[PDB]
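Consider the single chain below, provided in structure tokens and representing the form deposited in one PDB entry.
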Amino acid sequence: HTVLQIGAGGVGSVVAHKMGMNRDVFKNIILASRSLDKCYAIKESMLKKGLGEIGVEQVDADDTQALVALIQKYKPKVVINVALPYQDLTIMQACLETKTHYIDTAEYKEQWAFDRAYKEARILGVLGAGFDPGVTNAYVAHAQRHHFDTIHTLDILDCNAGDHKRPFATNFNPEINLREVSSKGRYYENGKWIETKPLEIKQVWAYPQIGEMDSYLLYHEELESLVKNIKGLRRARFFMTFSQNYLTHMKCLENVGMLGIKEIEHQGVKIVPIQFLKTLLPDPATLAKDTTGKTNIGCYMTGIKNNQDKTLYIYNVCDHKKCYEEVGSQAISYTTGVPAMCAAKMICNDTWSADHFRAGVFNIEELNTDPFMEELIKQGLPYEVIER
């Protein structure tokens, strides 16, 4: 099979390497981006690691006609969008016009609105095929299918205990960090969405293989689709760990104006403070080789099975350094990218596409997740299950 991937950042490097590790399925891999340099660096790494060749193409993923021409040139079975998140709709439109399956990773309303047209074209769109969302969605579907009759509560718990060896650094555009600490919290309970003050709801949770970590309630994407798709849910929450050192830095930066997003004039030039913060901070890509420590992401659920109370904890632990030695990425890129390749394999071997005559736009929890969960184990994301 032929797969076309749009995007060559940290996540895209993981997806491409993982496809290169599965040559029984992924015979022709084509990488396309606005940045050829990153495509070539991925190409070179894959060759160094004995993973074979990839194709490299320049494309502007804002230009729907350019994407169509590229898709028509290669006739891929599926397009993997790991591009900039503002290009999801144009890539989905180019996939619609060429009747090509679609996956992305790294409000769903406008993507969901492609459902009718995708059904009419007999193509599949799989949204949020990363870890959270993605694997976390799969864990809930897995629990719904094999462990519960009804799931009453869902807590998604995301811990990064990584050490990037800098006094302060971010693994994303620092605007993402700003959003996490400054956006209102939001969760679902008893049929309603409840907002909180930023980082208001805090708990200490013990993450296996890491230990006790301060965990704070935030809004998260898959809460939306999961609340829509898991019948009977009474409470759904998402938590992320934040060290005091990190929060102290973010508070101090906010206090002096360095998280500002509006232009301010400095010596006759307009400068956006948080953009200048990105300039000051190291490039996240340079941190991958230094980062040590572990991630633990998973889902803690309570509910009933055969009229008996039950709790279930499904989680994954990843080691940043082990990820780096395997594919040249840290554990954030690894946990986000491995499931996207697993999703592409599901579509390429027809497990999710034509075996179920399934067309339209879906979130992971709506699909047959049994072979997906098995694929995650094989590709380096084994999960642990604690039943009580």
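Numbers follow the displayed sequence, beginning with 1. By rigid core we mean the largest C-alpha set that fits within 1.5 Å across both forms.
One more form of this protein, deposited with a small molecule bound, exists but is not displayed; see below.
- Not displayed here, the small molecule is approached by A61 to within 4.5 Å at the level of heavy atoms in the bound PDB entry.
- Heavy atoms of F238 never reach within 4.5 Å of the small molecule in the bound PDB entry, leaving it off the interface.
- Proximity of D132 to the small molecule in the bound PDB entry: non-hydrogen atoms within 4.5 Å are present.
- Within this chain, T336 lines the site of the small molecule in the bound PDB entry, having a heavy atom no more than 4.5 Å away.
- Scanning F172, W112, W193, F276 against the small molecule in the bound PDB entry with a 4.5 Å heavy atom cut-off leaves one residue, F172.
- Residue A106 is the only one of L127, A106, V79, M301 with a heavy atom lying within 4.5 Å of the small molecule in the bound PDB entry.
- Stretch-level contact analysis of 84-92, 159-167, 251-259, 194-202 against the small molecule in the bound PDB entry, using heavy atoms and a 4.5 Å limit, identifies 84-92.
- In the core-aligned comparison between this form and the one not shown, the C-alpha of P174 is the only one from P76, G303, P174, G162 that shifts by 2 Å or more.
- With the core held fixed, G257 shows a CA shift of 2 Å or greater between this form and the one not shown.
- In the core-superposed comparison between this form and the one not shown, the C-alpha atom of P208 has shifted by less than 2 angstroms.
- With the core held fixed, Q275 shows a CA shift of 2 Å or greater between this form and the one not shown.
- Whereas the shown form places them at one spacing, the Cα atoms of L253 and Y86 lie at least 3 Å closer in the bound PDB entry.
- Cα-Cα spacing of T279 to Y86 is reduced in the bound PDB entry versus the present form (difference of at least 3 Å).
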